[PDB]
Amino acid sequence: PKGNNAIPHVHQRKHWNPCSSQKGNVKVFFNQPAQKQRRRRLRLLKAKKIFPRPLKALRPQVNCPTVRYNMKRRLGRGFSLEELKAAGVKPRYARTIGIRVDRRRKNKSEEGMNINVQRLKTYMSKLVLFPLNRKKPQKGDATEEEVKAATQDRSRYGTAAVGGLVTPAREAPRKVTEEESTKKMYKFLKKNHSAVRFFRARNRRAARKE
Amino acid sequence: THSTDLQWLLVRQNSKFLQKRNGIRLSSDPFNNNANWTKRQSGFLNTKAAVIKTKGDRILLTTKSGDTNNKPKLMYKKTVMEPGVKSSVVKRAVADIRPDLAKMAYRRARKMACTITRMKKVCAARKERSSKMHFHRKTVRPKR
Amino acid sequence: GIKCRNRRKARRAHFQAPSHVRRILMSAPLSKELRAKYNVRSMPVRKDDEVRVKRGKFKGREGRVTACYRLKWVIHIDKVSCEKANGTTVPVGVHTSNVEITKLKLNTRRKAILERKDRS
Amino acid sequence: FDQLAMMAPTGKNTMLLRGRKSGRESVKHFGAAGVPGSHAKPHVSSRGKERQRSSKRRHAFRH
Amino acid sequence: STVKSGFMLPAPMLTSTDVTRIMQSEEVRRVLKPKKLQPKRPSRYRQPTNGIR
Amino acid sequence: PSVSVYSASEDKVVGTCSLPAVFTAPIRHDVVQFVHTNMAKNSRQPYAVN
Amino acid sequence: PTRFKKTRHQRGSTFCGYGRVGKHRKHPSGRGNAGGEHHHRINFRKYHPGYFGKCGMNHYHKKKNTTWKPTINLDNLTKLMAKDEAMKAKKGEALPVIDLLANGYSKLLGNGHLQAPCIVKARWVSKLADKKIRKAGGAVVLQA
Amino acid sequence: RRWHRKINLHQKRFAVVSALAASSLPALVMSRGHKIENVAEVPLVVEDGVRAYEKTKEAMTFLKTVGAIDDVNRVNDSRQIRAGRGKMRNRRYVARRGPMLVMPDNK
RNA sequence: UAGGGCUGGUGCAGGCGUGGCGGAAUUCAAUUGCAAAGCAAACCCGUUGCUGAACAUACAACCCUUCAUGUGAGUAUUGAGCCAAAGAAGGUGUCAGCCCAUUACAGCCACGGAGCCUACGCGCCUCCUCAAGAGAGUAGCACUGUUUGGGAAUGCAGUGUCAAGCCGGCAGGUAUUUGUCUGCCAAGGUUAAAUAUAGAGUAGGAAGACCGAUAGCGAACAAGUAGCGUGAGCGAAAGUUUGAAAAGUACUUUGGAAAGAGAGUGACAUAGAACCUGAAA
RNA sequence: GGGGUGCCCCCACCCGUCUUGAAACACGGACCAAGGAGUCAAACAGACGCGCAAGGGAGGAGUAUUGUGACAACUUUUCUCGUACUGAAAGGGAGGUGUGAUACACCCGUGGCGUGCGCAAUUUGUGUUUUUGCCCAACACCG
RNA sequence: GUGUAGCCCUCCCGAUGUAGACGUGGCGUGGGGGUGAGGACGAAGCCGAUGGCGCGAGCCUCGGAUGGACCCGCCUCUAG
RNA sequence: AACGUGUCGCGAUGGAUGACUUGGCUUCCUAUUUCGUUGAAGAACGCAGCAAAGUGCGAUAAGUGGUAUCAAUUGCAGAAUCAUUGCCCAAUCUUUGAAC
Ligand SMILES: [Mg+2]
Ligand SMILES: [Mg+2]
Ligand SMILES: [Mg+2]
Ligand SMILES: [Mg+2]
Ligand SMILES: [Mg+2]
Ligand SMILES: [Mg+2]
Ligand SMILES: [Mg+2]
Ligand SMILES: [Mg+2]
Ligand SMILES: [Mg+2]
Ligand SMILES: [Mg+2]
Ligand SMILES: [Mg+2]
Ligand SMILES: [Mg+2]
Ligand SMILES: [Mg+2]
Ligand code: NA
Ligand code: NA
Ligand code: NA
């Protein structure tokens, strides 16, 4: 006899199990610790080959979309064309010295633009830029014995020169203003919300009034 | 540190000193006067303890006194007793540290006295039998 | 390098070894006098060598090696034999790790090996 | 509790309290959700498949 | 702990083990019920019954 | 309490330390048994028939 | 573990708790939720009264990220501040500032007795929360 | 089949802490089967010159000096061929567990 | 001026590859049945003390007497040592760190024709370099069919019809007409890495809380074999596991032979050749 | 005292199964050896054990390691369950007492009533206070 | 001190049972982690008018005029 | 009486059990990693002193050549760095088969 149980909905009627007549459709993870070891070995090998270049290329800081992640910051695909122009770096030459470049980003506000321009300027001042020919150095490049002092960066995020993401600091304690202790904020917010919510109905009423 | 009550709860079911052969629970603890597997008898986890044994033809009484319970080298004392010692003085030597084992101490002291006497007689009789019979070999352990 | 953590693999490699591998596996210790001279612990055995048996029914027996029967993992020693029912004499195999080498049949290749293995 | 037995044996000058059990989620599921005057929460797997209109609901009270 | 973030040693359930010492203490012994006299051990010569005979 | 430090070459005391307070913690042999039983299952290799 | 199952107790009972008269057969009542309106009607009506039927309007392409709106009550505002800050500020003093978006909250509901005055930044607020925080000596600053 | 298990992080740290405290009581150490009659001052702490040893002969002298050689001898004498089918499956010998030596790193 | 070894020619060089070589310490001392065995009850005493219920040579089948015959190989026990950056697991007539082979670079040798990697490795010659427009039987629409969670129609196919680019076209998850806003610019092509190997290969490796000869692959063996069916196809049984070593029973006698009775080898022949053990019916 | 074989007096229908009912003229039953049947996974619920608690817990990944190394150690979360519910939806969103008819003032606090372990204080056993948990009936507040 | 060879000693009340439910410091088998032993002076396996113990599942000793190399007690984990 | 029944010692028949295991099954990793008209995969017929099957090979037929090592192979013969053994560059490669 069944009793008071939930209705199951288990979703398992599609020949997923390997038997004498069915190949099955399964995925196991017995190689998980072995693949973790292999990926780590390749990262160390790549670092040895490309020395002294940084492991990861420079990336910009961007804002996450939607209202759920409005306040969060992360790393983007590449730098904007407007940002590169502001820092005085050509885009095709920028890709050569380890700067990611994105030709689709738009830079819709100055706050995001100024943060990323500062990232490029700090990176430029920290580059050492080994000369193409050691006998004949052209343009401002690394001097002698400045090459011998270079060191690879393995920060896993490329933050050796630029650093972490920039977020506004928390506000400090203060006093309540006299107008803050009087104004009704629900009345203020509801009035604005009703203006958009009842835009169509109010227009219809005025049109009928004429 | 921790107490006897806590330690007994930890080792009661399983231990290297617990022998559970044929459904009988006995103890191989060297500081157990009789082989009973109980909290009172088990002297290795008790703060103070005393056991009576033999050393040749004399009574040997080892005691703990529970003041160096973190140094195994200095836990116990030897205290070899005099020949022909009465069991009352051995009974009084114990019960100054464990008064709740005084009656068990007297019985153990008497049993140790009887065993000493028997060992002398059995060995004496065995040697007499071995005196006359001939043997094909005899092994002598080399010196130094 | 036959010995392995896999017992199944180590035993297959031993009992299916080729002929040139079996030559190394069939080695015997040198005597004290040879060790003091050549400073070598042990050498592979070969025909026309002199050995002394150390383990088994033939203890203390000496002789010259007559054959290296690699297919049976044994060596044959002269004067180490048994009688058949008809009276015929047949050699008896002895494992190479039960003997010791007392005299070596020197050769320009064998001398090269001794200098290779000289510990000093 | 070993300090209490040390300083207050026989429990003089004590106030004994228990703690609540009626607010638990398991208790809310006791009974049948479909009988009159029940107010029992059903065991629901798909929340959207057990909604029901405002009418057609069972009677909320019974003597 | 510095290596393990936020970890602290758990608090003991008993501020002092050795409950045997607590049971055999003057303060605890002061509130125990006094001992009572027990009857004599039943001797041989089984006690009578049957009331009438 | 205090703990002494012994030399590695002779029967001597060469130092003195303090108990690190991790040895005073409760001993829950029921927790140890539970964690060991399930931790020992993590080194197993799979087996099956064809 | 297999050694704790009922199968170990039933070795030798020949029926394993299923009876001689009505045996253990395969699907004597159908598979899954079969017959929920015909021969399982009483079970469904008694325990799941709202299973059969429709209710309400539809919404294609829901996109749950657009309706994110966690709420916190005025009674739990202390958990978002430092321990010292709760008792440091009162009425006319400098008050701590709490930003709800950093802690993962959107709307401020006013339930229970407010402990300490503070300044709260939020996206949405309630009628009661606005009145209670104002009387206590605090304020609400609207966010976005 | 479910071969592996998850354990709460706090419970794992609780178990380690309890086992460390149990190793500090000589009564529990003897009851598990270790021979510590010649040791002094359990828990045993030795100087840091041990890390600089290069020869196994030096290590064996140190074990005899502090009295830990009895537990090592117990493991040596207990070595034997395992009973059952396990000796066909790459586990042919069984031995007991001896002392631990804890070091600040792998040096 | 400079560069390009991925313009081409001509040479000099590392490494990836393949085949070899090199590592310690006992066959130490006591037996051939019974002492090559023990006791001195946590640790020390102990590098030391004491010996024998198997010998008045015991055991060998109802009891007594005579006469006999009987113990395989020390990796076992005991006492002394030695090596360890090596205690690692295989072999050897019994349980082996020191009998053998293995166990390492905190390495050493020869070979190397293409390829791949290294100041985009390094010289010389030769060459090379420093106003418009944007994809047409296309997209769209109608009917029919199929497909999708896609719901007044998610993708696709057939037939009919068939564009725009002077306020362009496509998308914005409820159909229609009208106006804004936002994001992109179809109908041509190439492209490493992170991913699969659910009855594949070629060479190597690492293992297992798995099975243990009616089990595990059908197949531990001259197994997809013998055998069966006109054919497509179906498809076994069977450990040679005697012994450490063939030392695999010379020879006498009866018998046509097979074999029997003796003799002999072997620790054991009731280990005698489909030969370890050898249950039940 | 146990074990083996025979005998005497007494007692005694053939096992397993379906069935109201089997010793059945109901079915399966010549003998022996070795095989032979509630398992694994996934969603939910209840009882019991353990850790933490208005918070609990990750996963995937990463950091440091021939070593008992496919183990073990380490990383205001980045996700999920919960601390708030309600309406088809647009939306809204829960403390007490006192005083008045987004009202005003306070904040050491069970909304009131009944039955209520234990503890506290009285009388010589009775009556009383605070009542925990739970239950009953009346408010009040949120949608 | 639930449960064992029950911590011990008095006293009182129940005891059958198909389908079914639950309990047992209840019995037995292959393997893992620990701990403690045994074996060429004879391991596992096999045989029995070999007895002893337990209500029982079973455990243990004895003999072999059997065998010839491995195996078990206890606490836990696991299952073809 | 014989037949038949029962218990014990010994012997047959049969091939279980135990101990052994160069086999299977399952998981993981590494490469200068992937056939053919320059005739593949498969199929047939042959080749050794004694050679049925299996293995290796192709009228140069249990192998020719190069390379490293050195004294074996073995049932009985037989020969005495050159064999054997491992690896591989140069060759041979019967009749067919996409088969042209
Ligand atoms: Mg029913
Ligand atoms: Mg099939
Ligand atoms: Mg029943
Ligand atoms: Mg049932
Ligand atoms: Mg039924
Ligand atoms: Mg493509
Ligand atoms: Mg088979
Ligand atoms: Mg088969
Ligand atoms: Mg009928
Ligand atoms: Mg019947
Ligand atoms: Mg009838
Ligand atoms: Mg009953
Ligand atoms: Mg099994
Ligand atoms: Na076994
Ligand atoms: Na068209
Ligand atoms: Na029937």
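Every heavy atom of this structure was used, including side-chain atoms; hydrogens, water molecules and symmetry mates were not. Each chain gets a letter, A, B and so on, in the order its sequence line appears, and its residues count up from 1.
Between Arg25(B) and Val94(H), the residue anchored nearer the 5' end of RNA chain K, judged by the nucleotide with its closest heavy atom, is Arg25(B). Nearest-nucleotide positions on RNA chain K for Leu18(B) and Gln13(B) put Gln13(B) closer to the 5' end.
Residue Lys57(H) has a polar side-chain atom (N or O) positioned under 4.0 Å from OP1 or OP2 of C83(I). Contact annotation: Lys84(C) does not reach the phosphate of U265(I) (side-chain N/O to OP1 or OP2, under 4.0 Å). Look at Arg89(H) and you'll find a side-chain N or O under 4.0 angstrom from OP1 or OP2 of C210(I). Phosphate proximity of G32(K) to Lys41(F): absent, as no side-chain N or O sits under 4.0 Å from OP1 or OP2. Residue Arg13(H) places none of its side-chain N or O atoms closer than 4.0 Å to OP1 or OP2 of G51(J). In this structure, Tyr47(F) does not reach the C28(L) phosphate: none of its side-chain N or O atoms is under 4.0 Å from OP1 or OP2. Within the structure, a side-chain polar atom (N or O) of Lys4(E) is placed less than 4.0 Å from OP1 or OP2 of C74(J). Taking 4.0 angstrom as the limit, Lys135(G) places a side-chain polar atom (N or O) nearer than this to OP1 or OP2 of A105(J). Using a 4.0 Å cut-off, some side-chain N or O of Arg12(C) falls inside it from OP1 or OP2 of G23(L). A close approach under 4.0 Å does not occur between any side-chain nitrogen or oxygen of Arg141(B) and OP1 or OP2 of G79(I). For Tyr18(G), no side-chain nitrogen or oxygen approaches OP1 or OP2 of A37(J) to under 4.0 Å. For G24(L), one of the phosphate oxygens OP1 or OP2 lies less than 4.0 angstrom from a side-chain nitrogen or oxygen of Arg8(C). Checking the phosphate oxygens (OP1, OP2) of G62(J), a side-chain nitrogen or oxygen of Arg43(A) falls inside 4.0 Å. At the phosphate of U51(I), neither OP1 nor OP2 sits under 4.0 Å from any side-chain N or O atom of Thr139(B).
A donor and an acceptor atom sit less than 3.5 Å apart, one in the side chain of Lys107(G) and one in the base of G93(J). In terms of polar N and O atoms assigned as donor or acceptor, the side chain of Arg46(C) never comes within less than 3.5 Å of the base of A71(L) in a complementary pairing. Remark: the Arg134(A) side chain and the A119(I) base include a donor-acceptor N/O pair separated by less than 3.5 Å. Counting atom types as modelled, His136(B) pairs a side-chain N or O with a base atom of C55(I) as donor and acceptor under 3.5 Å. Residue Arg39(A) places no side-chain atom within donor-acceptor reach of the base of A61(J), judged by atom type and a 3.5 Å distance cut-off alone. Counting distance only, with no hydrogens placed and no angle test, the side-chain atoms of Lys57(C) and the base atoms of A73(I) include no donor-acceptor pair under 3.5 Å. With hydrogens and angles ignored, no donor-acceptor pair under 3.5 angstrom links the side chain of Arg97(H) to the base of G33(K). Counting atom types as modelled, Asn73(G) pairs a side-chain N or O with a base atom of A84(J) as donor and acceptor under 3.5 Å.
Using the rule of two distances under 3.5 Å, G189(I) and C43(I) do not count as a Watson-Crick or G-U wobble pair. Between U92(I) and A250(I) there is no base pair of the Watson-Crick or G-U wobble kind with both donor-acceptor distances below 3.5 Å.
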Between protein and nucleic acid, restricted to nucleotides 37-46 of chain K and to nitrogen or oxygen atoms under 3.5 Å apart, what atom pairs and distances do you find?
residue : atom : partner  : partner atom : Å
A37(K)  : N6   : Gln80(H) : NE2          : 3.3

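The distance from atom CG of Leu74(G) to atom OG of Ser126(G), rounded to the nearest 0.5 Å, is 9.0 Å. One finds the CG atom of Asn107(C) at 9.5 Å from the CD1 atom of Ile113(C) (value rounded to the nearest 0.5 Å).
In this entry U97(J) carries a north-puckered sugar, per its positive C1'-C2'-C3'-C4' angle. For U94(I), classification of the furanose by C1'-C2'-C3'-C4' yields a south pucker, on the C2'-endo side. In this entry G135(I) carries a south-puckered sugar, per its negative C1'-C2'-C3'-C4' angle. A positive value of the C1'-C2'-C3'-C4' torsion places the sugar of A245(I) in the north (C3'-endo) family. The torsion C1'-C2'-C3'-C4' is the criterion here, and for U241(I) it is negative, giving a south pucker.
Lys135(A) comes within contact range of no nucleotide atom at all, as no heavy-atom separation falls under 4.0 Å.
A salt bridge links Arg134(G) with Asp130(G); the closest basic N to acidic carboxylate O contact falls under 4.0 Å.
You cannot call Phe14(H) stacked on the base of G51(J); the centres under 5.5 Å and planes under 30° rule is not satisfied. The aromatic ring of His113(G) sits over the base of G95(J), with ring centres less than 5.5 Å apart and planes inclined by under 30°. The aromatic ring of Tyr60(G) is stacked on the base of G151(I), with the two ring centres less than 5.5 Å apart and the planes inclined by under 30°.
At least one test fails for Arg82(H) against the ring of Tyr93(H): distance under 6.0 Å to the centre or angle within 45° of the axis.
Ring orientation note: the planes of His29(D) and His43(D) are close to parallel, at an angle under 30° on the 30°/60° scale. The aromatic rings of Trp73(C) and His14(C) sit parallel, their planes meeting at an angle under 30°, below the 60° perpendicular limit.
Of all heavy-atom pairs spanning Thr96(C) and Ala28(C), the tightest one is O-CB, 3.5 Å. Looking at every heavy atom in both residues, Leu25(C) comes nearest to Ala17(C) through CD1-CB, 4.5 Å.
For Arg91(H), the side-chain atoms get nearest to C210(I) when compared with the rest of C210(I), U195(I), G79(I). Taking every side-chain heavy atom of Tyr186(A) into account, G92(J) is the closest of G92(J), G86(L), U83(J).
Legend: stacked base step between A52(L) and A53(L); six-membered ring centres less than 5.5 Å apart, planes less than 30° apart.
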CA sep, side-chain torsions, deciding dist, call: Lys87(H), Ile81(H), side chain to side chain contact (heavy atoms under 4.5 Å, CB included): CA-CA 7 Å; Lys87(H) 70 168 91 70; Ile81(H) 287 177; 4.0 Å; yes
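Base-pair partner of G140(I): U161(I) (Watson-Crick or G-U wobble, both distances under 3.5 Å). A62(L) is unpaired under the criterion used here, namely a Watson-Crick or G-U wobble arrangement in which both key atom distances are under 3.5 Å.
Under a 3.5 Å cut-off, the side chain of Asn22(B) and the backbone N or O of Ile24(B) do not form any donor-acceptor pair.
The shortest distance between side-chain heavy atoms of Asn38(H) and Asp70(H) falls below 4.5 Å.
Distance CE (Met60(H)) to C1' (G87(I)): 11 Å, rounded to an integer number of Å.
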